[PDB]
Amino acid sequence: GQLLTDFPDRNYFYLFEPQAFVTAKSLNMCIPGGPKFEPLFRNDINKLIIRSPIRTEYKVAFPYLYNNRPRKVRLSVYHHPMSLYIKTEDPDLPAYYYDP
Amino acid sequence: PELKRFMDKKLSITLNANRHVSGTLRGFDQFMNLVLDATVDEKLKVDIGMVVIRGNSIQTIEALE
Amino acid sequence: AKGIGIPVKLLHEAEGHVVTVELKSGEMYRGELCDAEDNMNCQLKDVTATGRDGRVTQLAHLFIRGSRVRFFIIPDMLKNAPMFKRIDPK
Amino acid sequence: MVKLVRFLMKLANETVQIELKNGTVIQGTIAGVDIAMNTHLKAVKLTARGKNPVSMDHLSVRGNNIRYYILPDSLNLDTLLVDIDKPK
Amino acid sequence: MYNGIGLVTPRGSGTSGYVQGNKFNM
RNA sequence: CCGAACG
RNA sequence: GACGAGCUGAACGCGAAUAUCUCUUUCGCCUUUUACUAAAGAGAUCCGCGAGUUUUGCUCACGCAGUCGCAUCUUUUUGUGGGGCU
Ligand SMILES: [Mg+2]
Ligand SMILES: [Mg+2]
């Protein structure tokens, strides 16, 4: 453990799994703590509305909704169900216990 | 048992040696004893009141409804 | 279930169909079996009674004690039960 | 476990007779008797009430409609009588 | 992150490829 | 980013 | 109605680890070629890996043996008998 340091959930990497990075490279847009990838390949203002910015986790979390010309991609941010496990610490408590 | 679907209903119960007693059901057992209200002997034309019939004393039962 | 032989589960899967019932007394009973017992007590509906003298009578429902009953006549449609096929040599 | 069906199921390959509940006569060889007293016979002839005999290569008879058995005169009864008290 | 700004490849252009946010933005 | 040969 | 560890053979197949190469292109190093960069593809190779009987090598082990060719009160194998009419 002290080398593992602690366990991973399939959870945490919602935009950090491979699929995040496939969607990243296919759109030439990269996670903030995420690596670089050079291109794979190479809009009226009055009629288009901005109330919130199309962010990169946005186009990265729905690649075909938010991106014109997305391709060569596998799937996107699909989430594993939430995990209601918390580390029981001390071996004296019952095996089965209510978390506060 | 399906006698449960019959609760409080007028019945025609046939018994051994060709006998008919017709009375609104009142209850039954696992041994299919049957208690009836206002039972009528269809042979002699007599309303015989509340009765209990034995299990193997039940050939068949019909529902007039 | 465990302990129970095939033909009574045949009788059960015959549920919801129109079948015939011969009892040891010789009269015939054609109707839609609602459900039946481990002890072959069964409930049919839309009942045709064929008495010993050819008498044809209309009965709405029937509950038949099994140890009163001689045999059952069941559609060969239902003779395709998984027991029938599974046991079969082919 | 009764004594007597305990005795009867060891009648395998016994060439014996049987009387039925309604009066039918059967002479044939016991291929098996089971805990329900139902017997399957081989090398059989069955003769119904007032009827001509008809022979059967094999026959099945229900334990309940059996009136009785006629056993061989050549029977070592006290051979098959031991072990009936033995539970297996 | 790369919210639609600048170089896709920081290879043949002559910088180390870091995109700092303006502390002067309003 | 980042170094070796040859001419 | 019934019994393996280790090696080489099997002939079929790519949990989680991945490096190299070739080709067709683009891009960048940039005098040239090697040697490289990073993109797109198309192809190989390496280092390994799983199951079937083939036994080679046990250093283990066996055969009256675990198994053979549901057991008396109303619903089941302890049946309601007997007679006789067309
Ligand atoms: Mg030259
Ligand atoms: Mg020169």
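In what follows, every heavy atom counts, from backbone to side chain, and hydrogens, waters and symmetry copies are set aside. Every chain is numbered from 1, with letters handed out A, B, ... down the list of sequences.
Backbone-only engagement by A:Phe37 is indicated by non-hydrogen atom pairs under 4.0 Å involving sugar-phosphate atoms exclusively. Among the protein residues, D:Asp34 comes within range of no part of the nucleic acid, since none of its heavy atoms lies under 4.0 Å from any strand.
Across the interface with RNA chain G, nearest-nucleotide mapping of D:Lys3 and B:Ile53 shows D:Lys3 to be the residue nearer the 5′ end. Both A:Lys25 and B:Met32 sit near RNA chain G, but only A:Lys25 has its closest nucleotide nearer the 5' end.
Nucleotide G:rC60 shows a positive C1'-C2'-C3'-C4' value and thus a north, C3'-endo-like sugar. Pucker annotation for G:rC12 reads north, on the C3'-endo side, since its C1'-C2'-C3'-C4' dihedral is above zero. With its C1'-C2'-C3'-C4' torsion below zero, G:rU18 shows a south sugar pucker. Nucleotide G:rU74 carries a south sugar pucker, as its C1'-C2'-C3'-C4' torsion angle is negative. Using the sign of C1'-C2'-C3'-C4' as the criterion, G:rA5 is classed as a north pucker.
G:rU78 adopts a syn glycosidic conformation, its chi angle falling within 90° of 0. In G:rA71 the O4'-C1'-N dihedral to the base is more than 90° from 0, which defines an anti nucleotide.
G:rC70 and G:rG66 are spaced 23 Å apart, taking the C1' atom of each and rounding to whole Å. Distance check on atom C1': G:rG48 versus G:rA17 gives 10 Å, rounded to whole Å.
Residue-to-nucleotide contacts include no donor-acceptor pair under 3.5 Å from the side chain of C:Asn39 to the base of G:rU76. The base of G:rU74 lies close enough to the side chain of B:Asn33 for a donor and an acceptor atom to sit less than 3.5 Å apart.
The six-membered rings of G:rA40 and its strand neighbour G:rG41 lie with centres under 5.5 Å apart and planes within less than 30°, so the two bases count as stacked. Neighbouring residues G:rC60 and G:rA61 meet the stacking criterion, with the centres of their six-membered base rings under 5.5 Å apart and the ring planes within 30° of each other.
Candidate nucleotides G:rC70, G:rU78, F:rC1 were compared by shortest atom distance to the side chain of D:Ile35, and G:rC70 ranks first. Of the candidate nucleotides G:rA40, G:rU75, F:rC1, G:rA40 has the atom nearest to the side chain of A:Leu40. Comparing G:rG79, G:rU74, G:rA39 against the side chain of B:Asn56 picks out G:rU74 as the nearest. The side chain of D:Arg6 sits closest to G:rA71 out of G:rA40, G:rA71, G:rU37.
At the phosphate of G:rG41, OP1 or OP2 sits under 4.0 Å from a side-chain N or O atom of A:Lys72.
Of the residues listed (B:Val51, B:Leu15, B:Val40), the one engaging B:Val21 in a side-chain contact (heavy atoms from CB on, under 4.5 Å) is B:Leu15, and it is the only one.
For RNA chain G, the stems formed by at least three consecutive Watson-Crick or G-U pairs, with both atom-pair distances below 3.5 Å, span G:19-26 with G:38-45.
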